[PDB]
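Chemist: got an experimental structure here, sequence first:
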Amino acid sequence: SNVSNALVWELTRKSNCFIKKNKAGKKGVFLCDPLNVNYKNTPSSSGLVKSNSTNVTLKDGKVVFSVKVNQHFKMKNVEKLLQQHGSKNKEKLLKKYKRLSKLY
Amino acid sequence: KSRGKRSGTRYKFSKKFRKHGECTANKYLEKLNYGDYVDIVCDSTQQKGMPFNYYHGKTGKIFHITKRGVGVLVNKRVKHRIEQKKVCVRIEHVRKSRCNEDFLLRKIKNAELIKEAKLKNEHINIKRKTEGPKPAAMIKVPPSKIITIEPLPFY
Amino acid sequence: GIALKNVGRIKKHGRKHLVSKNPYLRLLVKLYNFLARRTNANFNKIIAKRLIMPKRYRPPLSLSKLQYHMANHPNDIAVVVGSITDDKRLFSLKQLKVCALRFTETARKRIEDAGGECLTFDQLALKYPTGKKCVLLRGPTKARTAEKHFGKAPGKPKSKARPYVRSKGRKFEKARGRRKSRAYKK
Amino acid sequence: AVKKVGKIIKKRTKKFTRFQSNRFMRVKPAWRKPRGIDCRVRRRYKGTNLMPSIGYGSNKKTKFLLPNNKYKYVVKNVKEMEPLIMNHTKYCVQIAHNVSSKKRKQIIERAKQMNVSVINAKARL
Amino acid sequence: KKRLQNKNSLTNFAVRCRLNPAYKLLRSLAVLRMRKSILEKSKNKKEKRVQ
Amino acid sequence: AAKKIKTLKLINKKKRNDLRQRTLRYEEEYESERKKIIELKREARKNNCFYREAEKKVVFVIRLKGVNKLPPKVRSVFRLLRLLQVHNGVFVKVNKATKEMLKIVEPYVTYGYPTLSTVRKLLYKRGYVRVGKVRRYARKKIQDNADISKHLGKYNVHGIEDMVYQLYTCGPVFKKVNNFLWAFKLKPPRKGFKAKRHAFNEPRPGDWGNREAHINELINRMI
Amino acid sequence: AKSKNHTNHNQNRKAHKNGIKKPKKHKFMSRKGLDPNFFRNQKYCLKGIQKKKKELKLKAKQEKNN
Amino acid sequence: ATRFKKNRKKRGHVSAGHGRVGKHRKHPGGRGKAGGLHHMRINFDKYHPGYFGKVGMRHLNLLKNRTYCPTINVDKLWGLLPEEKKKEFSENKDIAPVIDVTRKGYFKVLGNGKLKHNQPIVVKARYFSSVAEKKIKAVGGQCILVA
RNA sequence: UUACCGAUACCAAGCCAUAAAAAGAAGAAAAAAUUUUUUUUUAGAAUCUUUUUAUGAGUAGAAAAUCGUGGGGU
RNA sequence: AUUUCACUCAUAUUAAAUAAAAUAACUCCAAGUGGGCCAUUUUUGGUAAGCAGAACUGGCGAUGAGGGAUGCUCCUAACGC
RNA sequence: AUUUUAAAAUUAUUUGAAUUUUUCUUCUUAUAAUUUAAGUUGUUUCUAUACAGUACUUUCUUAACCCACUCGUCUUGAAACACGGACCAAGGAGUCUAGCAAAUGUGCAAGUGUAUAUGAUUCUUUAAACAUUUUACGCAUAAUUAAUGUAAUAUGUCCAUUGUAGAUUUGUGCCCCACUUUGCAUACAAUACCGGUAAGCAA
Ligand SMILES: O[C@H](c1cc(C(F)(F)F)nc2c(C(F)(F)F)cccc12)[C@@H]1CCCCN1
Ligand SMILES: [Mg+2]
Ligand SMILES: [Mg+2]
Ligand SMILES: [Mg+2]
Ligand SMILES: [Mg+2]
Ligand SMILES: [Mg+2]
Ligand SMILES: [Mg+2]
Ligand SMILES: [Mg+2]
Ligand SMILES: [Mg+2]
Ligand SMILES: [Mg+2]
Ligand SMILES: [Mg+2]
Ligand SMILES: [Mg+2]
Ligand SMILES: [Mg+2]
Ligand SMILES: [Mg+2]
Ligand SMILES: [Mg+2]
Ligand SMILES: [Mg+2]
Ligand SMILES: [Mg+2]
Ligand SMILES: [Mg+2]
Ligand SMILES: [Mg+2]
Ligand SMILES: [Mg+2]
């Protein structure tokens, strides 16, 4: 009753510990959130503000699937996971996962 | 150096040629109300109630009326700002304005016009039509009356 | 060049954004701004403006005053864009429905007792997004002690402004220029 | 003059050097705005150094784009590299000047995996 | 609405038409006037002289 | 919604139709008036009497002098007119007060009787208009009739043609139209001025006089 | 030292920047030091009127009550 | 804090904001109150009218206590009771609350404000203003002088 | 009498800032390949984004936004 | 004279124009400034002065740009890139 | 991601008219397309079948055309035959406290501030943080008078003084309108009443 998403955003629009902004080349403010699909500093994409998020991260070596209440998992498998707990965004996530896979 | 109440007033208070004497007895019968506009024209025949040099000519609303005293709200431009000044005068210097009554007449006429319009349901313009462009005219002039002109030689 | 006034740019003399960093308050202002922009019902805009305003221009509204205001129309909801304080001077409190930015605890308690309703701004919005059957009330702004020093300065004739003094009594600004007997007066 | 390349317009390639920075050693080129009466620069006499002004600024749209068309992003660590996985066509990595060689190499490797351009890959190469 | 060019009316026929619909008719009339052969004009001269 | 849209379209079409007819009427009038003038002249010639043409009702005023080194009264007059830049042109309804104002700023402006074609040209190539809530105007070029049909819809003057007509001869709604029109930001003359210091009526080459019949020419030159 | 002791130059200009501020012209000017006796009479009249109004209101209230 | 001080904002300008022609010299107008009644008389007149001169009687040994008498208006008297108790009192026209105004830390009762009609109040205090007393009585209450 | 040259003034167009004004809490577009892959994006940060128009001299001075240095908590 | 009722006064051309008239009022808090100088015109003292002293307005001062070869003030015109 | 739409215009059709008898004659009934709408796209080269070259980018370098007077400074006015400055590096100037002020932020709000000081299961940080005894004082809530002092409608009605403009509302015919309806803040007054002082009376 005292805490809501908008409020949270307001609190942490500036003062985050995931916000990293390029000092050289001023345009660009990134969120290093464990639940950010696109690493933008927007309340409509950030994991801290959004109640339900299903981001794919790298964490420590192996690619990890994160769900929001917080869950952690591990292409077909990823798709299945998405299908299970998930409510365009999915496509984006899939794309991201592909990219992640490429990295070792 | 010398700024008295009647400084630079050799001509402003001086009565006009062949119009000295005193203020006429009928001038005191001029009726005034709480809202009338009034010109302050100083008759230096009556030294009592003499307003300051500046207010001679300038008009203003009457805000106060006494036995023989008339209080007038006169706008004075003071450097950066025009301010209201309450000048307590006598009747001898106070004269009723004329513009106000010009306005009044117009208003009266306008009312009549309005009434007339109503009588017949019509769109009659009331606003004063200022001197605009002259309409097309055909002026009949005989060749006998048209007198030709040429610049005059020097002498 | 162009012979203009202040050249081109149109002066706006008022607040633009709240300087305040109060997250809740910011949220509220955002909400009301949104309301203003979508539904130009004026009321919303006014509310937004009030929210934006500084603390002096949200003077506290006293419960008694509120009651007085409500005295004509009942059941409609008085909205106060500031704090509402209680008044020991009042004996009875009617069934009031009041939306405020802030209730002092005691005032709130009083309202509750009256069997009334205390609404926050969000609640009000939810209830009445067009502000139907609402009545905007303000506290007495120029009743503030600061304002008593303003206007024509004490020294100018017929001015009713409080001089800035140390204390009060004979020894303190009550002689020359304050009585016919010591040079002048006022 | 103006330096068009792509749609990228640069209005003023020349640096604005301090007045008289070329006359006394003690005065560095770093722009300082002249004050005080009789400046000549302040007064904008024909033939002197120009004063930087807001008119010179680049279009809001292409501003911090480099010749590559990518905003430069400084990278100290793999973790930081990661925010640009979904942005390889818009931000280009520069590895911090103070990174040790092994770490730099690692970063470079990561970049290649990501398809992200590195603007300073050759340091300590 | 995003500002586009500002299109010369006097030239850009379509724009002109949009501005003033009757204009087309006027243009047509003008064209027709232009069309008529010079012989007729010459003939008319005599008439004019007479008048 | 679709139905509503259709209705709107229909209305627009109707308006356009109405506009066209109006335009045609105006055209008919213009020629007719000219013809009548000629006839009148002929009549005058025939009979010893003279025919004076009606004072041209409107006057087009173009600035000459700059912002600097100008009296306060003159500046005020300029402001009133809506002439603020060195080559700002505007239409002014010739009156008594207006005339006086013009006289007061005589040495700083060139003015005269614009003629219809010239006016039309001005409207077309240089006609910019104020689109927005009062005191926040935004200078927008006309191009479309729907841009002016919002503000001048109450006064039965939809379309540029109507506006032009109004400008040409002081109709029931001219002042409003003038107000709506942004001050004509004109070029310098393509053949150049004679001399901005001297008067047009001066025997030597000049400008700032009342060039009643050559104003149009000037406008054309600097269009 | 000899100095420019007086000038009214630029003063006008200065005045004109904020413009010659006209009097605010309030509808109800304070009738304090203005014509006595009459003003007290006026006051009395006003009071009477107020009283009458109050009485009327009371009557209305009574009627409502029944 | 220093970082948001204006001087820091003026740092590259020559006169530090204190004027080029009229410099910033130490104590120009004089020291402290200075020429109050001489070169600064006008200011005194306009902002501090009755500053100069002494008025009235001396009072060599004051002792503010002797004269201490905190006031309360009747308007605030019923407020001095808790809400529930107040309600009870309102309900029961039969019983009237006594109030020890001294016990609540006030020495004088003044009469600014209405009191609820009919409701009798018993007021204990050291001082009363005539009007306050009258108000109390009108409502069927009494003032009982205390010390 | 023309013609021409000629400003940081004027006009037309762009871009920058300032001011104001409109207005804003869900979705596949194209190309390259050979019906399916690949290449780009797939926006919604309220002092924010999109667009619009006007405007831009400046000492004394005032304000705002930034920038940097020594240390502190994070 | 005040108050309450009545009837009834042009109004979208808006009680004559015209008006980038609310960029207005008003309140507060302060800064700098309070040596000025020049030009046309009116002008006082002075033989006169690039002299001293004034009036209306514009400038310079705070201001560059084009012209006046050159110039703080003359003319053109005030300046984002 | 629906005002790059809608219309205009144009092309080929289809129905009805018109006096401007016209291969651009106009309106209009319907349908497709196109651009004169609805701010530049296309074709062919070239760089180039290159990893840097002599090309391309850019830094520096002189040239050259045109311009450009030593900065700071006080001054009506400085390039001045006004002063300060040979050069360079480091240091080098509106600060801190007391009380007051307005501004704004914040908490609480007829109160507020826990002052000293105590208390603790407080003791690297702990010189802070927490807690406040199982009617302290400040400022404010009342003013005014030299003063003994006196102290704000006035118990008919818990009601909340009267106007004129005034936000918001309530209705009538979702912003303007023209009425009603309520009358915030505030401006402008008017009254009451309180303290003082006149004046009139006066135990
Ligand atoms: O205004 C919606 C919205 C909703 C919500 C939610 F309801 F989840 F809290 N939160 C939003 C937030 C949020 F508060 F930060 F989450 C920001 C912006 C829009 C939000 C937008 C609507 C457009 C799509 C993104 N959410
Ligand atoms: Mg004389
Ligand atoms: Mg100088
Ligand atoms: Mg110098
Ligand atoms: Mg020439
Ligand atoms: Mg400065
Ligand atoms: Mg100095
Ligand atoms: Mg500037
Ligand atoms: Mg000095
Ligand atoms: Mg100076
Ligand atoms: Mg100049
Ligand atoms: Mg010469
Ligand atoms: Mg001249
Ligand atoms: Mg040279
Ligand atoms: Mg000197
Ligand atoms: Mg010296
Ligand atoms: Mg030396
Ligand atoms: Mg030295
Ligand atoms: Mg140093
Ligand atoms: Mg404060």
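Modeler: Here it is on my side, so go on. Numbering: from 1, shown residues only, chains lettered A, B, ... in the order given. Ligands and ions are numbered 1, 2, ... in the order given.
Chemist: ok, is the longest helix along chain A in contact with ligand 1 or not?
Modeler: If you go by DSSP state H, chain A has its longest helix at helix A:89-102. No: judged by CB under 6 Å from any ligand atom, helix A:89-102 and ligand 1 are separated, with a smallest distance of 11.3 Å. To be clear about C-beta, it is placed using only N, CA and C from the backbone, and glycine gets the same treatment.
Chemist: regarding the residue of chain G found nearest chain F, what is its secondary structure?
Modeler: For chain G and chain F, the shortest gap (CB to the nearest CB) falls at residue G:16, measuring 7.1 Å. Secondary structure assignment for residue G:16 (DSSP: H, G, I helix; E, B strand; the rest coil): helix.
Chemist: residue C:67 reaches residue C:93, doesn't it?
Modeler: Yes: assessed by CB atoms under 8 Å, residue C:67 is found in contact with residue C:93 at 6.7 Å.
Chemist: does the residue positioned nearest the centre of chain F have beta-bridge partners, and which?
Modeler: Of all residues in chain F, the one closest to the mean position by CA atoms, centre = their mean is residue F:91, 3.9 Å from it. Note on residue F:91: beta-bridge partners residue F:60, judged by DSSP bridges.
Chemist: and the strands in chain H?
Modeler: With DSSP state E applied, chain H shows strands at H:71-73, H:98-100, H:108-110, H:122-125, H:127-128, H:142-145, listed in chain order.
Chemist: oops, could you answer that again for chain F instead?
Modeler: Using DSSP E, strands in chain F cover F:50-52, F:58-63, F:88-93, F:109-112, F:128-130, F:139-141, F:184-185.
Chemist: for ligand 1, which of the ones you listed is the nearest?
Modeler: Closest approach to ligand 1 among the strands of chain F (CB to the nearest ligand atom): strand F:139-141, 31.6 Å.
Chemist: number of residues surrounding residue 1?
Modeler: Defaulting to chain A. 3 (other CB atoms under 10 Å in any protein chain shown).
Chemist: my bad, the chain I had in mind was chain C
Modeler: For residue C:1, using other CB under 10 Å, the count is 10.
Chemist: residue E:40 - how many residues pack around it?
Modeler: Around residue E:40 there are 9 residues (other CB under 10 Å).
Chemist: that one belongs to a helix, doesn't it?
Modeler: Yes: per three-state DSSP, residue E:40 lies within a helix segment.
Chemist: contact partners for it?
Modeler: With CB atoms under 8 Å, 6 or more residues apart in numbering or on different chains as the criterion, no residue contacts residue E:40.
Chemist: how about the secondary structure of residue B:71?
Modeler: Secondary structure, three-state DSSP: residue B:71 is strand.
Chemist: thought it was touching residue B:60?
Modeler: No: in this structure residue B:71 lies outside contact range of residue B:60 using CB under 8 Å: 9.6 Å.
Chemist: more neighbours: these two, which one.
Modeler: residue B:60 (24 against 20).
Chemist: give the contact list for residue B:51.
Modeler: Counting by CB under 8 Å, 6+ apart, the residues that residue B:51 touches are B:40, B:42, B:87, B:89, B:93.
Chemist: distance check, the residue positioned nearest the centre of chain G against residue B:71.
Modeler: Of all residues in chain G, the one closest to the mean position by CA atoms, centre = their mean is residue G:29, 2.5 Å from it. Look at residue G:29 and residue B:71: by CB to CB, to the nearest Å, they are 11 Å apart.
Chemist: between those two, what contacts are shared?
Modeler: residue B:63.
Chemist: for the chain, which segments count as helices?
Modeler: Let's take chain A. So, for chain A - with DSSP H - the helices run A:5-11, A:76-84, A:89-102.
Chemist: looking at chain F here, not the other one
Modeler: Using DSSP H, the helices of chain F run over residues F:2-46, F:72-81, F:97-104, F:116-126, F:160-168, F:175-180, F:215-221.
Chemist: I'd like those helices as a markdown table, with distance to residue A:38 and mean neighbour count appended.
Modeler: A markdown table is the format used below for those (distance: least, CB to CB, whole Å; neighbours: other CB atoms under 10 Å in any protein chain shown):
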| stretch | distance to residue A:38 | mean neighbour count |
| --- | --- | --- |
| helix F:2-46 | 37 | 12 |
| helix F:72-81 | 54 | 15 |
| helix F:97-104 | 63 | 15 |
| helix F:116-126 | 49 | 19 |
| helix F:160-168 | 49 | 24 |
| helix F:175-180 | 48 | 16 |
| helix F:215-221 | 58 | 19 |
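Chemist: so for residue D:38, which of those sits nearest?
Modeler: For those, proximity to residue D:38 was assessed by CB to CB; helix F:72-81 is nearest, at 32.1 Å.
Chemist: is that closest one positioned near RNA strand J?
Modeler: Yes: judged by CB under 7 Å from any atom of the strand, helix F:72-81 comes into contact with RNA strand J at F:72, F:75, F:79, F:80, F:81.
Chemist: next: stretch F:184-196.
Modeler: Yes: counting by CB under 7 Å from any atom of the strand, contacts between stretch F:184-196 and RNA strand J involve residue F:196.
Chemist: quick one: that stretch to chain centroid distance?
Modeler: Distance of stretch F:184-196 from the chain centroid (CA atoms, centre = their mean, to the nearest Å) equals 17 Å.
Chemist: likewise stretch D:67-76?
Modeler: Using CA atoms, centre = their mean, the offset of stretch D:67-76 from its chain centre is 10 Å.
Chemist: ends of that stretch, how far apart?
Modeler: Counting by CA to CA, to the nearest Å, you get 23 Å between the two ends of stretch D:67-76.
Chemist: now look at that stretch and say if it contacts chain A.
Modeler: Yes: residues of stretch D:67-76 contacting chain A under CB under 8 Å from any CB of the partner chain: D:71, D:72, D:73, D:74.
Chemist: out of those, who's the most crowded?
Modeler: residue D:73 (25 neighbours).
Chemist: show the contacting residues for that one.
Modeler: Contacts of residue D:73 by CB under 8 Å, 6+ apart are A:22, A:25, A:28, D:84, D:91, D:92, D:93, D:94.
Chemist: ok, now which ones touch the residue nearest to the centre of chain G?
Modeler: residue B:63.
Chemist: against residue B:63, how distant is it?
Modeler: Residue G:29 is 6 Å from residue B:63, by CB to CB.
Chemist: by how many degrees do the longest helix along chain D and helix A:89-102 diverge?
Modeler: Counting residues, the longest helix found in chain D (DSSP H) is helix D:101-114. Orientation check (axes from the mean of the first three to the mean of the last three CA atoms, to 10 degrees): helix D:101-114 against helix A:89-102 gives 140 degrees.
Chemist: does chain A sit close to helix D:101-114?
Modeler: Yes: for helix D:101-114, a contact with chain A is found by CB under 8 Å from any CB, at D:110, D:113, D:114.
Chemist: closest to residue B:20 out of these?
Modeler: residue D:114 (109.4 Å).
Chemist: count of neighbours near residue C:153?
Modeler: So residue C:153, with other CB under 10 Å, has 16 neighbours.
Chemist: cool, and residue B:11?
Modeler: Neighbours of residue B:11 (other CB under 10 Å): 6.
Chemist: swap in the one 5 residues further on?
Modeler: Here the count is done by other CB under 10 Å, and residue B:16 has 6 residues near it.
Chemist: list the residues that contact it.
Modeler: Here residue B:16 is in contact with no residue (CB under 8 Å, 6+ apart).
Chemist: which stretches of chain G form strands?
Modeler: Going by DSSP E, chain G shows no strands.
Chemist: alongside RNA strand K, which residues does it contribute?
Modeler: So chain G meets RNA strand K at G:24, G:26-32, G:39-40, G:42-43, G:46-47, G:50, G:53 (CB under 7 Å from any atom of the strand).
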